[PDB]
Every structure is written in structure tokens, then in C-alpha cells.
Amino acid sequence: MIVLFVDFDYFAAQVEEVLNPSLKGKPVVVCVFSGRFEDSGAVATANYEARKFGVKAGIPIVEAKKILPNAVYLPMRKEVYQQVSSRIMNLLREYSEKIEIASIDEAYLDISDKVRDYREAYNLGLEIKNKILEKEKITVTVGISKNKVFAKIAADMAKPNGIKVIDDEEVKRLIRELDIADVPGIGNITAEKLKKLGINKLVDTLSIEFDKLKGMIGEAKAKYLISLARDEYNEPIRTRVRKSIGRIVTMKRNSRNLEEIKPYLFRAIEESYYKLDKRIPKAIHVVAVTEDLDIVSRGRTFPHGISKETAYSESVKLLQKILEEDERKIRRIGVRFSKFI
DNA sequence: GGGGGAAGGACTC
DNA sequence: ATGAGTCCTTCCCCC
Ligand SMILES: [Ca+2]
Ligand SMILES: [Ca+2]
Ligand SMILES: [Ca+2]
């Protein structure tokens, strides 16, 4: 198999640049403002000028401003980047019927039956980068390898504006050399557990009693890493269909008071149903982030689809149930809908 | 034993 | 210390 993975460069910001070029070159920080106070919230994404100084996704906005007090700070415009994303995704479909849209800015393209070798693949990557640049003026990174995972690690290596190919021989190099912490799906919690077993590379998983491995990280993750390590990893490109839709907001102040949470919960439903857009959910979860940033939830599945009104009532029962079964305060409250008709 | 729903976890963009 | 969405584990009823 030959897989060509596409990953739009610092997407949200790059899109902000494209609508407003005068931003080119200046550090740009796109933010999600929470409402609690002046500048409360987090960084969603920053361009590379911004990134160069430690301003990256996930940190408080207030932090970023100490580091970069004269960078351009913009609020997230999800709906905009999404529309832009769609047109690009449409471009990529010109190059393969086998295409997995993994997220708003990630696509795996199975180009096995479209190129005869990697030389031809790299060329197609060049040709794709151009198509997008021509049509939308959005640069991207192309990663090419034998399975999805390495295709992405390729891109992780070549970004931004890059194109890299990890051949069958580099794969084995990486299976021995690459820090296992840089393996897609390995976060700190797991990375630690791995270090804790001496496991610092992919190869190491082949010389450790499976159960010792299973024991720590669990079956799926153990199998996943081992299969990667044995060069036997195959997950195929699949058209992806959303499995859930939801919305969680932050309350202006923390509470356990049912009627104070009520309105935040209701706006969340209103938005969720807007986004459902003619998809009929059978299941609903109310989801609260506790005052100490813990995440609690209560759900319910019906035998039938859920109307906005049933969503309203049931969500109160579910929020109520959350309250009944935890004595902590709520900080964010939201809802999530799944099991579509 | 293990299928299958609920709730928590961990990860990623 | 945002917001969104996914897959997996653990506990449990049940067959
Ligand atoms: Ca990415
Ligand atoms: Ca990206
Ligand atoms: Ca990692």
C-alpha cells in the first residue's frame, strides 16, 4: 500500500491570513474566549511566527500575551475554517476514491492504484500541494508511507509547507530509532507508563512479556504498538462519518444550582441541534466539567430519535442525576448527541 | 466467557 | 486550564 496523508499548515491561522493578508509574517494567535473574565480562555492555534516563541495550542490567552503582547489575537471562527476545509477536501477527491477525512484538516488518501512506486507518489504530492495552492492559496504538508501511521509521522516531520516520504527502509530505521513518544496515539500518561517499562522505542515492545505490556497500557494499545513494531500495521482508509455532535460552554461562574445551570445547558442544546442539521440522534449525554477540571457525564439511549423538547426534558433529568451523584461544583456544562438514524 | 450499554479516560486536533 | 470529537477500558447486566 501507498498512502498520501495531507495536513493543512497551522490551519485556522493560515485561513485568517488568507482572508486578511496583511497578517502575513506577523505572529497570529487565534483564541477561544471563555467569557469568565478579560482574556479568559485558551489558544486554539497560532501561526509559526507565534509558535516560534512558545505560543502554541492549549495555553491560557493571558500567558500568550505576556510572551507576545503585540501579536494579533483573533477569536476562533470555526464555521469559516470549516467551509474552507470542505472545498479543499473536495479538491483531494479528484485524486482518489479511497479517502479518509480524519478531521477538519487531515486527509488520508490511498494512492496504491494510482501510483506505481514512491517516486510517482511524491510527484502526486507535489501536484496536490499545487492544486490547493492554486485554488485556495493554502499550503499543506504531504506525508507518504506504507500505512496511515507512518504517512502521518512523515508529515509530523516535514511540516510546514513540506513533503516527505518514509520508504520501506526508513520505516525499519524509525521502528528502532524513533522516540515512541512521537508515535500517534501516545500521550504523556502513556508515554510515561512506557518509559516506566524501559520502553523508549517501538522495537522494545517485541522483547517484553505481552501481559506486562497489556497490563499497563491495555490490550488495544499493546497490540497497536506491537503491530507497528513488527511492521504489520494495517488499518485501511475508510470514509469517515461523524458519530457525535455536541456543545459545551463555560458558565460565567461556577455553580451547583440547577436553575443557574439550566440556561447554559439550554443554549448548548440549541447549538447542538443547529449542528445536527437533519441528523436524528437516539442518544444524548449531558456533560459537565467539574470545578476542578474533572469530566463527569450521564447519558441515555432511546428506542427512537430525540426531539428538541425531549432533549430539553431529558437533559434536565441527566443534569439533575449528575448533581444527585456528585457534590462538586460545575464549571462547564454541555451536551452530546449520538447514535444517528 | 463474552456481547453490549453506561461512565470514565486518554488522546488529538 | 477552549472546545470538539474518537476510540478504548472498566464495571455491570445478561445470555
Ligand atoms: Ca495534525
Ligand atoms: Ca494541520
Ligand atoms: Ca505523542
# chains A, B, ... in the order shown; residues from 1 in each chain; ligands from 1
>>> residues_around(residues="residue 11 (chain B)", least_positions_apart="6", cutoff="12 Å", atoms="only C-alpha atoms (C1' of nucleotides)", output="number ranges by chain")
A: 183-191, 221; C: 5-8
>>> write_last_selection(atoms="C-alpha atoms (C1' of nucleotides)", output="short mmCIF file (atom, residue, chain, number, x, y, z; two decimals), in the first residue's frame")
data_model
loop_
_atom_site.label_atom_id
_atom_site.label_comp_id
_atom_site.auth_asym_id
_atom_site.auth_seq_id
_atom_site.Cartn_x
_atom_site.Cartn_y
_atom_site.Cartn_z
CA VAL A 183 4.00 7.73 17.85
CA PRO A 184 0.48 8.91 17.02
CA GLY A 185 -1.75 7.99 19.93
CA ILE A 186 0.91 8.11 22.61
CA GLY A 187 0.22 10.92 25.10
CA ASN A 188 2.14 11.77 28.26
CA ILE A 189 0.18 9.47 30.50
CA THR A 190 1.00 6.54 28.22
CA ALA A 191 4.46 7.78 27.23
CA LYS A 221 -2.64 -0.01 22.69
"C1'" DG C 5 -14.87 14.54 18.59
"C1'" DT C 6 -12.88 9.41 18.74
"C1'" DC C 7 -11.65 5.09 20.35
"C1'" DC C 8 -10.76 2.17 24.46
#
>>> residues_around(residues="residue 241 (chain A)", least_positions_apart="6", cutoff="12 Å", atoms="only C-alpha atoms (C1' of nucleotides)", output="list in words")
residues 100, 101, 102, 103, 279, 338, 339 and 340 of chain A; 5 and 6 of chain C
>>> interface_residues(of="chain A", to="chain B", cutoff="12 Å", atoms="only C-alpha atoms (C1' of nucleotides)", output="JSON, numbers by chain")
{"A": [7, 8, 10, 11, 12, 44, 45, 57, 58, 102, 103, 104, 105, 106, 183, 184, 185, 186, 187, 188, 189, 190, 191, 217, 218, 221, 283, 284, 285, 286, 287, 294, 295, 296, 297, 298, 299, 300, 301, 302, 322]}
>>> closest_residue(among="A:18, A:289, A:43, A:1", to="chain C", atoms="only C-alpha atoms (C1' of nucleotides)")
A:43
>>> interface_residues(of="chain A", to="chain C", cutoff="8 Å", atoms="only C-alpha atoms (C1' of nucleotides)", output="list in words")
residues 32, 33, 34, 41, 42, 43, 44, 58, 59, 60, 218, 220, 244, 245, 246, 247, 248 and 293 of chain A
>>> write_last_selection(atoms="N, CA and C atoms", output="PDB file, in the first residue's frame")
ATOM      1  N   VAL A  32      -9.991  31.073  21.707  1.00  0.00           N
ATOM      2  CA  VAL A  32     -11.345  30.785  22.130  1.00  0.00           C
ATOM      3  C   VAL A  32     -11.559  31.522  23.446  1.00  0.00           C
ATOM      4  N   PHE A  33     -12.283  32.642  23.416  1.00  0.00           N
ATOM      5  CA  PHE A  33     -12.509  33.412  24.644  1.00  0.00           C
ATOM      6  C   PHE A  33     -13.648  32.799  25.437  1.00  0.00           C
ATOM      7  N   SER A  34     -13.445  32.638  26.739  1.00  0.00           N
ATOM      8  CA  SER A  34     -14.376  31.837  27.529  1.00  0.00           C
ATOM      9  C   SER A  34     -15.495  32.670  28.147  1.00  0.00           C
ATOM     10  N   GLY A  41      -9.669  32.157  28.677  1.00  0.00           N
ATOM     11  CA  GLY A  41      -9.774  31.302  27.515  1.00  0.00           C
ATOM     12  C   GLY A  41      -8.452  30.670  27.164  1.00  0.00           C
ATOM     13  N   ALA A  42      -8.362  30.116  25.960  1.00  0.00           N
ATOM     14  CA  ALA A  42      -7.162  29.398  25.557  1.00  0.00           C
ATOM     15  C   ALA A  42      -6.757  29.683  24.116  1.00  0.00           C
ATOM     16  N   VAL A  43      -5.532  29.323  23.765  1.00  0.00           N
ATOM     17  CA  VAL A  43      -5.099  29.412  22.379  1.00  0.00           C
ATOM     18  C   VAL A  43      -5.615  28.179  21.628  1.00  0.00           C
ATOM     19  N   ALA A  44      -6.214  28.393  20.463  1.00  0.00           N
ATOM     20  CA  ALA A  44      -6.665  27.267  19.660  1.00  0.00           C
ATOM     21  C   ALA A  44      -5.544  26.879  18.732  1.00  0.00           C
ATOM     22  N   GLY A  58      -3.362  25.469  23.256  1.00  0.00           N
ATOM     23  CA  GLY A  58      -3.634  24.929  24.572  1.00  0.00           C
ATOM     24  C   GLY A  58      -3.313  25.785  25.772  1.00  0.00           C
ATOM     25  N   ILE A  59      -2.409  26.742  25.631  1.00  0.00           N
ATOM     26  CA  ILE A  59      -2.050  27.577  26.772  1.00  0.00           C
ATOM     27  C   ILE A  59      -3.097  28.690  26.999  1.00  0.00           C
ATOM     28  N   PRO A  60      -3.183  29.216  28.228  1.00  0.00           N
ATOM     29  CA  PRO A  60      -4.043  30.364  28.507  1.00  0.00           C
ATOM     30  C   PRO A  60      -3.733  31.533  27.579  1.00  0.00           C
ATOM     31  N   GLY A 218      -2.893  -1.534  28.313  1.00  0.00           N
ATOM     32  CA  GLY A 218      -4.118  -2.155  27.851  1.00  0.00           C
ATOM     33  C   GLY A 218      -3.938  -2.868  26.521  1.00  0.00           C
ATOM     34  N   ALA A 220      -5.604  -2.912  23.339  1.00  0.00           N
ATOM     35  CA  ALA A 220      -5.592  -2.230  22.045  1.00  0.00           C
ATOM     36  C   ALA A 220      -4.309  -1.473  21.823  1.00  0.00           C
ATOM     37  N   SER A 244     -20.809  11.692  16.558  1.00  0.00           N
ATOM     38  CA  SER A 244     -21.435  12.538  17.561  1.00  0.00           C
ATOM     39  C   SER A 244     -21.342  14.010  17.217  1.00  0.00           C
ATOM     40  N   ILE A 245     -22.141  14.801  17.930  1.00  0.00           N
ATOM     41  CA  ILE A 245     -22.245  16.250  17.783  1.00  0.00           C
ATOM     42  C   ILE A 245     -22.722  16.803  19.114  1.00  0.00           C
ATOM     43  N   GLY A 246     -22.138  17.901  19.553  1.00  0.00           N
ATOM     44  CA  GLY A 246     -22.406  18.373  20.892  1.00  0.00           C
ATOM     45  C   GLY A 246     -21.855  19.766  21.050  1.00  0.00           C
ATOM     46  N   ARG A 247     -22.020  20.317  22.237  1.00  0.00           N
ATOM     47  CA  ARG A 247     -21.574  21.658  22.511  1.00  0.00           C
ATOM     48  C   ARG A 247     -21.518  21.791  24.011  1.00  0.00           C
ATOM     49  N   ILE A 248     -20.392  22.293  24.478  1.00  0.00           N
ATOM     50  CA  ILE A 248     -20.204  22.547  25.877  1.00  0.00           C
ATOM     51  C   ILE A 248     -19.713  23.984  25.976  1.00  0.00           C
ATOM     52  N   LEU A 293     -11.798  20.832  37.049  1.00  0.00           N
ATOM     53  CA  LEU A 293     -11.500  20.334  35.712  1.00  0.00           C
ATOM     54  C   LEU A 293     -11.658  18.823  35.506  1.00  0.00           C
TER      55      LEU A 293
END
>>> atom_distance(atom1="CA of residue 13 (chain A)", atom2="CA of residue 108 (chain A)")
22.1 Å
>>> atom_distance(atom1="CA of residue 290 (chain A)", atom2="CA of residue 35 (chain A)")
17.2 Å
>>> residues_around(residues="residue 265 (chain A)", least_positions_apart="5", cutoff="8 Å", atoms="only C-alpha atoms (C1' of nucleotides)", output="number ranges by chain")
A: 315, 333-335
>>> write_last_selection(atoms="N, CA and C atoms", output="PDB file, in the first residue's frame")
ATOM      1  N   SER A 315     -32.354  16.179  29.315  1.00  0.00           N
ATOM      2  CA  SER A 315     -31.113  16.796  29.756  1.00  0.00           C
ATOM      3  C   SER A 315     -31.186  17.284  31.211  1.00  0.00           C
ATOM      4  N   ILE A 333     -20.687  23.199  31.139  1.00  0.00           N
ATOM      5  CA  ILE A 333     -21.806  22.284  31.012  1.00  0.00           C
ATOM      6  C   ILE A 333     -22.149  22.175  29.550  1.00  0.00           C
ATOM      7  N   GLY A 334     -22.520  20.980  29.141  1.00  0.00           N
ATOM      8  CA  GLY A 334     -22.743  20.753  27.742  1.00  0.00           C
ATOM      9  C   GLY A 334     -23.501  19.480  27.515  1.00  0.00           C
ATOM     10  N   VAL A 335     -23.697  19.191  26.252  1.00  0.00           N
ATOM     11  CA  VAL A 335     -24.483  18.044  25.900  1.00  0.00           C
ATOM     12  C   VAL A 335     -23.856  17.425  24.648  1.00  0.00           C
TER      13      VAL A 335
END
>>> select_by_dssp(residues="region 167-238 of chain A", states="helix (DSSP H, G or I)", output="JSON, numbers by chain")
{"A": [168, 169, 170, 171, 172, 173, 174, 175, 176, 177, 180, 181, 182, 188, 189, 190, 191, 192, 193, 194, 195, 203, 204, 205, 206, 210, 211, 212, 213, 214, 215, 216, 217, 219, 220, 221, 222, 223, 224, 225, 226, 227, 228, 229]}
>>> residues_around(residues="residue 128 (chain A)", least_positions_apart="3", cutoff="9 Å", atoms="only C-alpha atoms (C1' of nucleotides)", output="PyMOL selection string")
chain A and resi 91-92+95+123-125+131-133+142
>>> decode(residues="chain C", atoms="C-alpha atoms (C1' of nucleotides)", output="PDB file, in the first residue's frame")
ATOM      1  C1'  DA C   1      -6.736  25.149  32.301  1.00  0.00           C
ATOM      2  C1'  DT C   2     -11.247  26.093  24.997  1.00  0.00           C
ATOM      3  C1'  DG C   3     -13.768  23.362  22.535  1.00  0.00           C
ATOM      4  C1'  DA C   4     -14.742  19.118  19.650  1.00  0.00           C
ATOM      5  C1'  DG C   5     -14.874  14.535  18.587  1.00  0.00           C
ATOM      6  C1'  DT C   6     -12.883   9.412  18.741  1.00  0.00           C
ATOM      7  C1'  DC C   7     -11.653   5.094  20.351  1.00  0.00           C
ATOM      8  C1'  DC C   8     -10.758   2.169  24.463  1.00  0.00           C
ATOM      9  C1'  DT C   9     -11.249   0.322  29.349  1.00  0.00           C
ATOM     10  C1'  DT C  10     -13.875  -0.941  33.319  1.00  0.00           C
ATOM     11  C1'  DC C  11     -17.643  -2.187  35.574  1.00  0.00           C
ATOM     12  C1'  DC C  12     -22.200  -4.353  35.206  1.00  0.00           C
ATOM     13  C1'  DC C  13     -26.496  -6.940  33.498  1.00  0.00           C
ATOM     14  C1'  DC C  14     -27.445 -10.660  30.956  1.00  0.00           C
ATOM     15  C1'  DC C  15     -27.343 -14.849  27.883  1.00  0.00           C
TER      16       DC C  15
END
